[PDB]
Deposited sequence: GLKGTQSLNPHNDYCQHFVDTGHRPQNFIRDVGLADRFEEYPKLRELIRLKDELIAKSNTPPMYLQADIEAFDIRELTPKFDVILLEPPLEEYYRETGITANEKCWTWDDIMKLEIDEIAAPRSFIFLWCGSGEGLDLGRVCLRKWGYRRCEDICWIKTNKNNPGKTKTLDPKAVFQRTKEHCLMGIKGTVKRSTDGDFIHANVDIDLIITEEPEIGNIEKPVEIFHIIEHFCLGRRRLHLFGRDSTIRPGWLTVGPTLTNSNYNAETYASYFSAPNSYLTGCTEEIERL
């Protein structure tokens, strides 16, 4: 069967027809999770250096114009001083959309000192409802989240149904992939929202309606003997 031909015939995206132990790891994660922390802040006017200590994982989800069809341009994103808040060995997950971000997101990763080890791709099904960029050749049915490493079980696919128009939320699955890597316990989610606050994570974003972040309270969670825990540890 040719699903590309099927899609042309019916409007059913080829991904609609894709079909189809670790709990102890998930529970280890859940035990060692720091309390959720969060801070309203306009990241354009914010000195991210006030965000301490340095992070093991940075999830970056800037509001791109393409998500709506204050937005951030790749010009604005390239200027963030991400390198000043990352630990020497650290990881980044960057939501890049599906257009120029796939190229400008890579420049950003290099700008901040990372190299791309993985290209996680969120494929959106349209089973419940069988629009174009001018430069686009094909219909865009996926978004990319690029993973970067700096310093010294899961797959690279997330498949969910295409959210409602104006729903800009990314699949919560990305958090499971990130946490299953056991990369460290200082996790920063830049441009998170009230709806993304989550244990084990510090959320910084302009729409948060409340803050509880305290730099010294936050660092208390990682002072010795807890300095180097992976997050999958007792």
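When the deposited sequence is numbered from 1, the segments without any C-alpha atom are 1 to 11, 32 to 46, 96 to 103, 165 to 168, 191 to 203, 286 to 290.
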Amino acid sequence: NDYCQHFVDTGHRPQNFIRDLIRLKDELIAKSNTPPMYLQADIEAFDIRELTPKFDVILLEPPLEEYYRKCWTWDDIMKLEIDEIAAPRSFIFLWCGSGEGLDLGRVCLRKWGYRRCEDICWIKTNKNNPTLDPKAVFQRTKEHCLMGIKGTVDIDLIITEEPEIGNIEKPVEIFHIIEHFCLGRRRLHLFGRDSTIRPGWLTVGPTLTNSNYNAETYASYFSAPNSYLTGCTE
From here on, numbers count along this sequence of modelled residues.
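Among other deposited entries of this protein with both flanking residues present, none omit coordinates for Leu24; it is modelled throughout, well short of a third.
Where the other entries of this protein model the residues before and after it, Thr131 is dropped from at least a third of them. Of the two stretches examined, 160 to 168 and 106 to 114, the record assigns the greater average C-alpha temperature factor to 160 to 168. Looking at 47 to 55 and 184 to 192 together, the entry lists the larger mean B-factor for 47 to 55, computed on C-alpha atoms. Among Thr73, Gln139, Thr152, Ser98, the highest C-alpha B-factor in the deposited entry belongs to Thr152. Residue set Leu208, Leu28, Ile174, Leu202: peak C-alpha B-factor at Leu28 (per PDB entry).
Ranked by Cα temperature factor within the chain, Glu61 sits in the lowest third according to the deposited record. Among all modelled residues in its chain, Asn214 ranks in the lowest third by Cα B-factor. Looking at the C-alpha B-factors along this chain, the one for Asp133 belongs to the highest third. In this PDB entry, the Cα temperature factor of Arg89 sits in the middle third of its chain's modelled residues. Residue-level temperature factors show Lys127 in the highest third of its chain, judged at the C-alpha atom.
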